[PDB]
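These are the residues of each chain, in order.
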Amino acid sequence: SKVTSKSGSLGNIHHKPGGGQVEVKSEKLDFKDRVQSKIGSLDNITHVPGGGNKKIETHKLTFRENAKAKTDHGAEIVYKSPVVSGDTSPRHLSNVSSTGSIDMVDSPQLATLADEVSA
Amino acid sequence: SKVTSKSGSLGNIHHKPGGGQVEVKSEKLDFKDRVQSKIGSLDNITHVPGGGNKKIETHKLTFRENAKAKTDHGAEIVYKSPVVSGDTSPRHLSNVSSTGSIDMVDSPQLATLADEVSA
Amino acid sequence: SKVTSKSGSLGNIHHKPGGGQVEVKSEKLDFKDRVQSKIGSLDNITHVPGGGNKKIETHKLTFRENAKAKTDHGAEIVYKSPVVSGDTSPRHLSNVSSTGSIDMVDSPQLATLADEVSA
């Protein structure tokens with residue numbers, strides 16, 4: 001008589017890793033600068049989410065100019081100045097489960113900048 | 001007469017590691033600068049969330065100018081000054097479960113800056 | 001009368017690695033600069049999501065100028081300044097399960113930039 005909608009079900013999990021053998025012999029272990037090391041170890045992620053989830057993401061822009069006369073004998077400059085209705089240069093990194101590494105980096109090597117506005 | 005909507009279910013979890021063997025032999029262990037090491041160890045994440053979750057995000061912008069005459073015999077400069085209706089240069093990093101490493105990094109190398117405005 | 005809709009079901013998980021053998025013999029282990037090492041170790045991700053999830057994304061831009069006369073004996077400049085109705089130069093990196101590495105990197109090498117506006 002079951003009804004299941006938008007759902008996750010796993011049932012039973014059995015782990016029986018007893019009696020495994022791991023050996024590491026060295027004169028030196030020398031681990032430097034962001035090493036990850038996993039020797040005979042277990043790492044385990046079980047994710048059983050319910051469904052029917054919603055993301056709603058709305059952008060609305062209304063831009064209007066009213067003029068009779070614009071820049072009569074003048075100078076009008078619009079520079080690097082967009083009208084967007086959304087994000088400007090967004091970065092998204094999405095993951096759900098990780099047993100390793102996730103890494104978002106921004107490292108410009110940028111010896112000079114200069115902005116001049118000289119009306 | 002069971003009804004399940006937007007749900008997670010995990011029945012039973014069993015774990016039996018008895019009699020497992022791990023050995024590391026060295027004259028020196030030398031771990032330096034952000035090292036992760038797991039030796040014969042368990043790292044476990046179980047996530048069973050309910051569903052039906054809602055994320056609602058909404059940006060609205062109404063921009064209007066009324067003018068009679070604009071910049072009559074003058075100079076008007078709009079510089080790096082957008083109308084956006086959203087986020088400006090956002091970073092999003094998302095993960096649900098991690099047994100490892102997560103990084104978001106800013107490291108600009110930037111010897112000089114100048115902004116000049118000179119009407 | 002059993003009904004399943006938009007749903008994930010696994011069943012049962014049985015794991016039995018007993019009697020497995022791994023050996024590493026060296027004079028030196030020298031791991032440097034972002035190394036991931038997995039010796040006799042196990043990593044496991046089980047993902048059983050419910051379905052029927054929704055992502056709704058919506059951009060609306062209405063741009064209008066009204067004028068009778070525009071730039072009468074004047075200079076009008078629109079520079080690198082689009083009307084968009086969406087994201088500008090977006091980055092998306094999407095994944096679900098990782099036992100490895102994920103990275104998003106910006107590393108521009110750039111000796112100069114200059115911006116000039118001179119009405």
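Residues numbered from 1 in each chain as written, not as in the entry; some residues may be left out. Chains lettered and ligands numbered in written order. Heavy atoms only, no water.

Method of determination for the deposited model, per the PDB record: cryo-EM, at 2.6 Å resolution.

## So, the packing of aromatic side chains
For the structure on display, the rule yields 6 aromatic pairs over all chains. Geometrically, the ring pair formed by A:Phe31 and C:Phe31 is stacked, given 4.8 Å between the ring centres and 0° between the ring planes. Here A:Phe31 is found in strand β4 (residues 28–32), whereas its partner C:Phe31 is found in strand β4 (residues 28–32) on a different chain. A:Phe31 sits in the buried class, given a relative accessible area of 1%. Ring geometry for A:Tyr79 against C:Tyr79: centres 4.7 Å apart, planes inclined by 5°, an arrangement best described as stacked. Here A:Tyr79 is found in strand β9 (residues 75–79), whereas its partner C:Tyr79 is found in strand β9 (residues 75–79) on a different chain. An aromatic cluster of at least three residues, connected via ring pairs, comprises A:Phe31, B:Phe31 and C:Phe31. (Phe/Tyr/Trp six-rings, centres within 6.5 Å; stacked < 30°, edge-to-face > 60°. Helix = DSSP H or I, 4+ residues; strand = E, 2+ residues; numbered from the N terminus. Buried < 20%, exposed > 50% of the residue type's maximum accessible area, 1.4 Å probe, protein only.)

## Description of the sheet that holds strand β7 (residues 54–66) of chain A
Read from one edge of the open sheet, 3 strands run β8(B)-β7(A)-β7(C), paired in parallel fashion. Of all strands in the sheet, those with a lone pairing partner are β8 (54–66) of chain B together with β7 (54–66) of chain C, marking the two edges. Strand-to-strand twist of the sheet, defined as the mean angle between neighbouring strand axes without regard to direction, takes the value 0°. In this sheet, β7(C) lies alongside β7(A) in parallel orientation, the contact comprising 13 bridges. Considered in β7(C), the bridge of A:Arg64 is made with C:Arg64. (Pairing = 2+ DSSP bridges. Axes fitted to C-alpha atoms, helices over the stretch in contact; angles between N-to-C directions.)

## A short note on unusual backbone geometry
Phi at A:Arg34 is positive, roughly 60°, even though this residue is not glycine. Judged by its relative accessible area of 16%, A:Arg34 falls in the buried class.

## So, the environment of A:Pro17
Note that A:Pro17 resides in the loop between β2 (8–15) and β3 (21–25). As a C-alpha pair, A:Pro17 and A:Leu42 span 25 residues in sequence and 9.4 Å in three-dimensional space. If sequence neighbours within four positions are ignored, A:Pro17 has contacts with B:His15, B:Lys16, B:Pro17 and C:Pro17. (Contact = heavy atoms within 4.5 Å.)

## Side note on the sheet that holds strand β6 (residues 36–39) of chain B
Read from one edge to the other, the open sheet built from 3 strands follows the order β6(B)-β5(A)-β5(C), with strand pairing classed as parallel. The sheet terminates laterally at β6 of chain B together with β5 (36–39) of chain C, the two strands that pair on one side only. Averaged over all neighbouring strand pairs, the angle between strand axes comes to 0°, with direction disregarded. Bridge count between strand β5 (residues 36–39) of chain A and β6(B): 4 bridges; the pairing is parallel. What sits directly across from A:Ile39, in β6(B), is B:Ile39.

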